[PDB]
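Coordinates in review
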Amino acid sequence: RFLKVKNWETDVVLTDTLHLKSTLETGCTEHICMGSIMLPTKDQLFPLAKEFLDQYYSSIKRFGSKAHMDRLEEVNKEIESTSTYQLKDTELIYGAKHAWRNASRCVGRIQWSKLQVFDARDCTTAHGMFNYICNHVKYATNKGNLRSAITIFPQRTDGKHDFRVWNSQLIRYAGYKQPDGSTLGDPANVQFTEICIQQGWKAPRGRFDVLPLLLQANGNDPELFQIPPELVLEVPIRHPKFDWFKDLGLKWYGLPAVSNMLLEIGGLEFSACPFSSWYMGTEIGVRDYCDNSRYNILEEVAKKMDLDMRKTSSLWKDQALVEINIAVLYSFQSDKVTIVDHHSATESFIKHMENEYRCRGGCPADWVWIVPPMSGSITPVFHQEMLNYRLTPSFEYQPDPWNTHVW
Amino acid sequence: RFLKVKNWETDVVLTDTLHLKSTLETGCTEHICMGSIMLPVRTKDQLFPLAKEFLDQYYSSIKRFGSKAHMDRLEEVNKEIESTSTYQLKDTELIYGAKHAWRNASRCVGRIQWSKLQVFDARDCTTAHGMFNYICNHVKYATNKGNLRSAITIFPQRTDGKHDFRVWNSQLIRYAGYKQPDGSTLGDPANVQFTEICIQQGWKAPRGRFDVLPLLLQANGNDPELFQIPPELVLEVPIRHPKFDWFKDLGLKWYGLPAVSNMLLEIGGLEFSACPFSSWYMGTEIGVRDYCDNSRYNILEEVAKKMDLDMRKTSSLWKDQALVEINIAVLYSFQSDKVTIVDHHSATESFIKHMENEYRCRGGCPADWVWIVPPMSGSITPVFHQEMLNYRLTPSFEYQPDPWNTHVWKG
Ligand code: HEM
Ligand code: HEM
Ligand SMILES: C[C@H](O)[C@H](O)[C@H]1CNc2nc(N)[nH]c(=O)c2N1
Ligand SMILES: C[C@H](O)[C@H](O)[C@H]1CNc2nc(N)[nH]c(=O)c2N1
Ligand SMILES: NC(=[NH2+])NCCC[C@H](N)C(=O)O
Ligand SMILES: NC(=[NH2+])NCCC[C@H](N)C(=O)O
Ligand SMILES: [Zn+2]
């Protein structure tokens, strides 16, 4: 069964055979589409393993080879014997790269092949985790010349000895709920901040406090560690034409490092797998700065611009938004910290997507996430149809550890 | 089976029971979501269920479910379908049906207005000329000197599929598109093909960047005929900017009345192949899509130039900066001529209110996130952060193929 996707700006059509290899469910049915919903055993394990191994071996052009069968045989026995198994270094790398390749919500995926993979499966303690993580941050930041990396901690076993990173990103600002009801710093992290504090963190209480790492190894209680400040690259936010802008007091960190996700490879579950790359401007300028439930800076930025804020139809929110995003890309570029604007980013993903249909017969994409949170229809992805299906290896969500942890 | 939708900006949660009454298919499956795919002659036995269902809804809506009136009508329609292999809707039903097809239009952000809709019954129409007159009346009623009113005109339903009434224009009022030999396009590229059909059919084309197209009307399965809409009936807004005096020099204007004409209205199984409906524009439809889409009027570069923006590097956000001004200039021009119009903030805010009310009183409200979210400043409108379930309810507005692709020319 073939499927076609049209680009309504170029009339380009692509045929998707890849969705055929789909496994997981979408949350959608014949009678309902949940495309905008944010979150919709030995015998179990071997099929999963076999499938992965087949992919891998096909990818290296040894499908059916003796090597292939042997490995198949080996893994087989190992699962029967140990009720789990271990991936060869090559497989772990292939698996990680490909989970990224399959991340339908990622516009960055043209880069999927150039990924630095750190094997931290020999890790056993939170302190071990802290050290590994520090190495990742440093390698990835690279003095502002950002590099994509992932660090993979030991896989789950009985589910009672999970490695987990309790932060949602390696580096994020704290959130303090004041008594008057307002919030200081980043409201997104208010709850995590309360857990840190509650666990011993001496909170400075500022609008941009780098949070402590809170690391759980082997199922043990989480432990706090401060990331060497020297390791935390930051960009002060100023506007190329508004000298009053810097006075707003805004900065952001240069390294987005999602840490709360779950990497699945050949049936194996890696519950702690921080990955990092570089920001698209909008993530910060639009979502982090202007979301009503984040830093929410539109009013203030507007005021300083003296815009007509009486009537929404002045598009004062829109005007401010553009400046704010101009100031973010500007600040970063001026400090030579890697960053990409939403136009370049989306243009590349079209190129990527095309190439993926050519060489792979498809490329799963979540339109809702792929399209930037501003200027949607002026980027090429708006006009681009996308089929969304779920391929493994994958990155999955998982519950916040505090909701599930057995203290 | 209940379903919940969260608003990630307010944490409001809503429970959807309404999707249960869903009938049509989504194009989606357990293994694939086509949520971003633009487009994913009946029978006696087919028709009555469709009719019965509709009638049940209607009667429930007036609080006569199971009433003698209800059963009789049920009985009547029944016999009529058996006898005539079709049937006719009471005036009350046609109105209920139309209003509710709008109410179920999952791609419509304007639906808070769904109840206040002027319905024109043009089922007695028989000729293209008849159609032209009806349409002129609609345009005039709806425009209302710039104080826009929502209206729909419903022409005779399909019978054997050989005597369809069709409006060949996609909107009652739209600008022409001429493909020049150098490869460029004059006017609106979206209508180039329709323009060629008009010309080919006798239209004397002015060849300008804003020529109101002739109506091309088909009655009873007959060949289409041309009619010019009285210019005095076609309200237009010259586009200028409240601070850029150079803007008016761009030479831009738009018409004040969006009137989708190429859609198919289905009610109680009946198919109304010609049903122009009209309301008022949301700014972005014009400022963002019609003006800035690359394949429409594509004015970003020029607007940028005049602003002398840094167009060397995309990261100057020159496209973004121009876009905002252009949209400011559209809402401005219209408001200054007192032609109804709504900005994307007000529009999306209202739809949240509407959506909430719909969950309260109706147990749901089908919505297509991809279409509901404005083509600019997405995440600063409330609908971005709003989860939406999309399912298909009837009565509905459906797409249908372009008439020229299917028409059996009589000559
Ligand atoms: C290299 C440049 C990259 C860029 C420009 C980029 C860009 C983005 C953006 C803008 C989002 C939306 C995130 C949000 O709105 O919160 C996203 C999501 C995502 N990206 Fe990428 N990314 C890059 C690299 C990577 C890498 C290295 C990985 C993993 C190896 C990855 C996997 C993902 C995943 C799993 C999501 C969805 C996460 C979630 O649901 O919160 N990306 N990316
Ligand atoms: C009165 C104020 C209204 C507003 C502000 C409004 C707004 C909109 C907008 C912005 C769209 C997106 C259209 C596009 O992107 O091309 C849309 C789509 C749609 N609306 Fe409305 N509308 C209104 C009234 C109506 C009426 C009167 C009807 C029918 C009776 C209707 C039914 C629809 C339908 C069927 C679509 C889908 C069109 C398509 O698929 O191309 N709306 N509406
Ligand atoms: C309701 C909707 O699913 C939710 O707001 C989504 C919308 N689209 C998005 N797209 C991206 N890239 N990132 C996000 O956090 C969201 N949030
Ligand atoms: C491919 C994609 O679905 C297509 O560009 C859609 C996306 N969202 C839209 N949303 C609205 N309201 N109107 C449109 O024409 C579109 N175009
Ligand atoms: N480019 C990335 N890898 N982004 C990861 C998620 C970052 C997150 N959206 C933020 O703005 O904080
Ligand atoms: N508000 C409406 N009824 N819009 C109908 C579609 C108009 C279309 N978006 C246009 O720009 O021409
Ligand atoms: Zn779907």
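Along each chain, residues carry numbers from 1 upward in sequence order, and these need not match the entry's numbering; residues missing coordinates do not appear. By the order in which they are written, chains take letters starting at A while ligands take numbers starting at 1. Water and hydrogen atoms play no part in the side-chain values, which are based on all heavy atoms of the structure.

Method-wise, the PDB entry is recorded as coming from X-ray crystallography, at a reported resolution of 2.590 Å.

Chain B is annotated in the PDB entry as Nitric oxide synthase, brain from Rattus norvegicus.

Within the PDB entry, the label attached to chain A reads Nitric oxide synthase, brain, and the organism entered is Rattus norvegicus.

Things to note about the overall build of chain A
Cut-off, in case you're wondering: The way it works is that DSSP assigns letters per residue, a run of H or I at least four long becomes a helix, a run of E at least two long becomes a strand, and they are numbered from the N terminus. Note that the radius of gyration is over C-alpha atoms, with the globule rule given as 2.2 Å times the number of residues to the power 0.38. In this scheme, a residue with accessible area under 20% of its type's maximum is buried, one over 50% is exposed, and one in between is partly exposed, where area comes from a 1.4 Å probe on protein chains only. In these tables, accessible area is a Shrake-Rupley quantity obtained with a 1.4 Å probe, and a residue counts as shielded only by the protein chains included in the view. Here the positive residues are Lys and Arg and the negative ones are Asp and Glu; neither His nor the chain ends is included. Here the site of a charge means atom NZ of a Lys, CZ of an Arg, CG of an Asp or CD of a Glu.
Counting its secondary structure elements, chain A contains eleven helices and 15 strands. Taken over the C-alpha trace, chain A has a radius of gyration of 23 Å; the compact-globule value for 407 residues is 22 Å, and the two agree within 12%. With respect to the principal axes defined by its C-alpha atoms, chain A has extents near 70 × 60 × 45 Å. Out of the 407 residues belonging to chain A, those deemed buried represent 55%. Just so you have it, chain A exposes about 17,600 Å², and 50% of that area is on carbon and sulfur atoms. Across chain A, the mean location of the 45 positive side-chain charges is 3 Å away from that of the 49 negative side-chain charges.

Some thoughts on the site of ligand 1
Residue and element names in this part refer to chain A. The line we're drawing: By convention in these notes, a residue is near a molecule or strand provided one of its non-hydrogen atoms lies within 4 Å of it. Whenever two N or O atoms come within 3.5 Å, that pair is a polar contact, provided that in protein one can donate a hydrogen and the other can accept it, and provided that, for residues adjacent in sequence, both atoms are side-chain atoms. Side-chain classes are defined by residue name, with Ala, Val, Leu, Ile, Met, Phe, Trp, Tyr, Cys and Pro counting as nonpolar, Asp, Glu, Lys and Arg as charged, and the others, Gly among them, as polar.
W100, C106, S277, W369 and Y397 are the nearest of the 17 residues found near ligand 1. Within the side chain of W100, one N or O atom sits 3.2 Å away from a nitrogen atom of ligand 1. For ligand 1, an oxygen atom lies 2.4 Å from a polar atom in the side chain of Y397. Residues of the shell around ligand 1, tallied by class, amount to eleven nonpolar, four polar and two charged.

With respect to the site of ligand 4
Around ligand 4, the neighbouring residues are A:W367, A:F382, A:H383, A:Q384, A:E385, B:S36, B:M38, B:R289, B:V370 and B:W371. At 2.9 Å, a side-chain N or O of B:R289 approaches an oxygen atom of ligand 4. In the model, a nitrogen atom of ligand 4 is placed 3.1 Å from a nitrogen or oxygen of the B:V370 main chain. Calculation on ligand 4 without its partners gives an accessible area of 410 Å², and the protein chains cover 87% of this total.

Examining the interface of chain A and chain B
Formally: In what follows, a contact means two residues having at least one pair of non-hydrogen atoms within 4.5 Å. The term buried area denotes the loss of accessible surface (1.4 Å probe radius) that occurs when two parts are joined, taken as the sum for both partners. Salt bridges are identified by distance alone: a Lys or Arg side-chain nitrogen within 4 Å of an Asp or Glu carboxyl oxygen.
With 63 residues of chain A in contact, the opposing surface of chain B contributes 64 residues. Of the roughly 5,300 Å² buried between chain A and chain B on both sides combined, carbon and sulfur atoms contribute 59%. Of all residues in chain A, A:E30, A:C33 and A:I378 give up the largest surface area on contact with chain B, accounting jointly for 11% of the area buried on that side. There are zero salt bridges connecting chain A and chain B. Of all the elements in the fold, those that place two or more residues in the side of chain A that touches chain B are β1 (3–6), α6 (281–290), α8 (316–334), α9 (342–360) and α10 (367–370) of chain A. The element best represented in the side of chain A that touches chain B is α8(A), accounting for ten residues. When the residues that make up the side of chain A that touches chain B are grouped by side-chain class, the tally is 27 nonpolar, 24 polar and twelve charged.

Quick word on helix α9 (residues 344–362) of chain B
What counts here: What a helix should span is 1.5 Å times the count of its residues minus one.
An ideal rise of 1.5 Å per residue puts 27 Å on 19 residues; α9(B) measures up with 25 Å between its terminal C-alpha atoms. Of the positions making up α9(B), those classed as buried are B:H344, B:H345, B:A347, B:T348, B:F351, B:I352, B:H354, B:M355, B:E358 and B:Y359. Summarising the contacts, the buried residues of α9(B) are in contact with α8 of chain A together with β1 (4–6), β2 (13–15), α3 (91–103), α6 (283–292) and α10 (369–372) of chain B. For α9(B), the capping residue at the N-terminal end is B:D343, with a side-chain oxygen 3.1 Å from the backbone nitrogen of B:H345. Looking one or two places after α9(B), you find B:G363, whose phi comes out positive at around 75 degrees.

Remarks on the coordination of the iron atom of ligand 2
Stated formally: Donor selection uses N, O and S atoms within 2.8 Å of the metal (3.2 Å for Na, K and Ca). Since no water is included, sites may look incomplete.
What the protein offers the iron atom of ligand 2 as a donor is a single atom, B:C108 (SG), at 2.5 Å. On the secondary structure map, B:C108 appears in the loop between α3 and β3 (118–121).

Topic: the coordination of the iron atom of ligand 1
No protein donor other than A:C106 (SG) coordinates the iron atom of ligand 1, and that contact is at 2.4 Å. Relative to the elements of secondary structure, A:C106 occurs in the loop between α3 (89–101) and β3 (116–119).

Thoughts on the domain arrangement of chain B
All names here are of chain B. Applied cut-off: An automatic or database domain assignment supplies the residue ranges for each domain.
As assigned here, chain B comprises domain 1 (16–123 + 150–160 + 264–278 + 348–372), domain 2 (124–149 + 164–235 + 399–403) and domain 3 (236–258 + 281–346). Inter-centroid distance (C-alpha atoms) of domain 2 to domain 3 is 24 Å. With 20 residues of domain 2 at the interface, the matching set in domain 3 holds 18 residues. Buried surface at the junction of domain 2 and domain 3, both sides included, amounts to about 1,700 Å², of which 54% is carbon and sulfur. When the buried surface of domain 2 facing domain 3 is broken down by residue, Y175, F210 and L235 rank first, second and third, together holding 35% of it. Joining domain 2 to domain 3, the criterion identifies one salt bridge. When the shortest N-O distance is used, the salt bridge between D188 and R296 registers 2.7 Å. Counting across the interface, domain 2 meets domain 3 through twelve residue pairs in polar contact.

Re the pattern of salt bridges
Residue and element names in this part refer to chain B. If you walk through the whole model with that rule in mind, you get 52 salt bridges over all chains. Across the salt bridge formed by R73 and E76, the nearest N and O atoms sit 3.0 Å from each other. Taken as a pair, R73 and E76 lie in helix α2 (residues 68–84) at a separation of three residues, close to a single helical turn. Here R123 and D91 are joined by a salt bridge, their closest N and O atoms 3.1 Å apart. Taken as a pair, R123 in the loop between β3 and α4 (128–143) and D91 in helix α3 lie far apart in primary sequence, 32 residues in all.

Things to note about the packing of aromatic side chains
Test applied: Two aromatic rings from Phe, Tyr or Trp, using only the six-membered ring of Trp, form a pair when their centres are within 6.5 Å; if the ring planes differ by under 30 degrees the pair is stacked, by over 60 it is edge-to-face, and anything between is tilted. Note on criteria: charge over ring means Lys NZ or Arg CZ within 6 Å of the ring centre, with the direction from the centre no more than 35 degrees off the ring normal.
On inspection of all chains with the given rule, the structure shows 42 aromatic pairs over all chains. Look at A:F242 and A:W244: their rings are 5.2 Å apart centre to centre, the planes differ by 20 degrees, and that puts the pair in the stacked class. Aromatic pair B:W168 and B:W409: ring centres 5.8 Å apart, planes at 80 degrees, arrangement edge-to-face. Residue B:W168 is located in the loop between β5 (166–167) and β6 (177–179), and its partner B:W409 is located in the segment after α11 (403–406); the two are separated by 241 residues in the primary sequence. The partly exposed category is assigned to B:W409, whose relative accessible area is 42%. Through pairs of rings, three or more aromatic residues link up here, namely A:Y173, A:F208, A:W252, A:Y253, A:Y279, A:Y289 and A:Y295. The side chain of B:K6 reaches across the aromatic face of B:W8, ending 3.7 Å from its centre.

Observations regarding the pairing of strand β8 (residues 215–218) of chain B
Regular strands have side chains that alternate between both faces of the sheet. Residue and element names in this part refer to chain B. So the rule is basically this: Two strands are said to pair when DSSP picks up at least two bridges between them.
Burial along β8 is two-sided: the face carrying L215 and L217 and the face carrying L216 and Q218 are both buried. Looking at chain direction, β5 and β8 are connected through two bridges and run antiparallel. Paired with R166 across the two strands is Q218, which belongs to β8. Here β8 pairs with strand β9 (residues 225–227) via three bridges, running antiparallel. Each residue of the ladder has a partner; that of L216, found in β9, is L226. Where β8 hands over to β9, the hairpin turn is made up of six residues, of which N220 adopts a positive phi near 60 degrees.

Remarks on a nonpolar patch on the surface
Selection rule: By definition, no residue in a patch forms a salt bridge, and every one has over 30% relative accessible area; like charges are joined within 9 Å, nonpolar side chains (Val, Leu, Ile, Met, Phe, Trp, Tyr) within 5 Å.
A cluster of nonpolar side chains, contributed by A:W8, B:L39, B:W371 and B:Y399, occupies part of the molecular surface with about 410 Å² of accessible area. In this fold, B:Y399 is placed in the loop between β15 (396–398) and α11.

Structural notes on the environment of A:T346
Residue and element names in this part refer to chain A. Note that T346 resides in helix α9. We classify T346 as buried; its relative accessible area is 0%. Counting along the chain gives 36 residues from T346 to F382, while the straight-line C-alpha distance between them is 9.2 Å. The residues contacting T346, other than those within four sequence positions of it, are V107, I370, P372, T379, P380 and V381.

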